[PDB]
Every structure is written in structure tokens, then in C-alpha cells.
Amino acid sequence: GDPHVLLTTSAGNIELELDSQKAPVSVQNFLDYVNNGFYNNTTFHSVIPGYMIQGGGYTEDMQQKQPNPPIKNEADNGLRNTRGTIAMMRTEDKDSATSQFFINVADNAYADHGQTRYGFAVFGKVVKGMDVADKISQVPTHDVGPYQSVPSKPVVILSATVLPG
């Protein structure tokens, strides 16, 4: 039932299983970007070793692709940012998520919805290629300044494809 998406990256393949019942808006928004080729030639622009990898915002030359309007935050769905989950990145406002996402390489309780924090909405999980996500998190990065956490050699999503049901 739940849709699967294959991210074919320059570092290996990652397959995601998206949670349509617990994050319908987030899953539909992500699928629209995947199906329209938006994630093709985007990078994992920020990585933190053993903790997270973030992508879905920038080309190899760091130009930010213009995303669609933002979506409602579904972090009150009860899904936690545990190792292997995929969640929507956003700015200060809870309803500001657009195309950027992050894959949790460790359990990040600080990203979870609570009574005083709206949190980051989890909408799926890695079902194959978690070793690729771990490897991407460990690549050499620029260390200080505006490019802190940016991989020194671009990690590119060559294609993002919804798989047959």
C-alpha cells in the first residue's frame, strides 16, 4: 500500500517507504517533487557524522531550486525521528516545510513534537540502503564558516523515482 521511492545517489541507492496514513500531506508533497523531477541533480547539502543527512534543496553548484508553497506540519502524527526515519526540514515557522528533508542516522529526540516544540514531521523510513545513508553522513566536509557541514565532494541524487506498487 505505502509508496516506495528510490533515491539513486552518487554514493549508492536508498529506498524509502512513505507513511501515507500518518503523513498524507507530507507524502503527497514529497511524491509531487519526486514525480516532477525536482530532486534530480539535487545534493545532500549538509551532513553530520553518525547523526543526519539533509537534502532536497540545492543543485551541485549550490543554486537553490525554487520550491512549491509550504505545507502543514504533521509532526503531531506520533512518529518519532528515530534512526532510519525521513522527515521534513523547515525554518522557524511550523508550517514552512517545502522540499528539504533529512534522514536520521541516529535517534534525534530534539527534533520530535512535544508540548513546547512543534517538531519535524516524520513521513517515512529507509527500507534499503541505510548503509549508504551512514556512509554519506561520514564524507569529508568543509569545517568552518558558511559551508560548515557541506560535503567537500558533492553527493548527488541523480534520480528519485516512485517504484511500482
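Start at 1 with the first residue shown and count on from there.
Novice: On average, which has the higher Cα B-factor in the deposited entry, 92-100 or 61-69?
Specialist: Between 61-69 and 92-100, it is 61-69 that shows the higher mean C-alpha B-factor.
Novice: Is the Cα B-factor recorded for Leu7 in the lowest, middle or highest third of its chain?
Specialist: Lowest third of the chain for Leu7's C-alpha B-factor.
Novice: Would the CA B-factor of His113 place it in the lowest, middle or highest third of its chain?
Specialist: CA B-factor rank for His113: middle third.
Novice: What third of the chain, by the recorded C-alpha B-factor, contains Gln148?
Specialist: Ranked within chain, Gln148 CA B lands in the lowest tercile.
Novice: Where does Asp107 sit by CA temperature factor within its chain: lowest, middle or highest third?
Specialist: Within its chain, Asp107 is a highest-third residue by C-alpha B-factor, going by the deposited values.
Novice: Would you mind checking where the Cα B-factor of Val132 ranks among the modelled residues of its chain, as the lowest, middle or highest third?
Specialist: Answer is lowest: the recorded C-alpha B-factor places it there.
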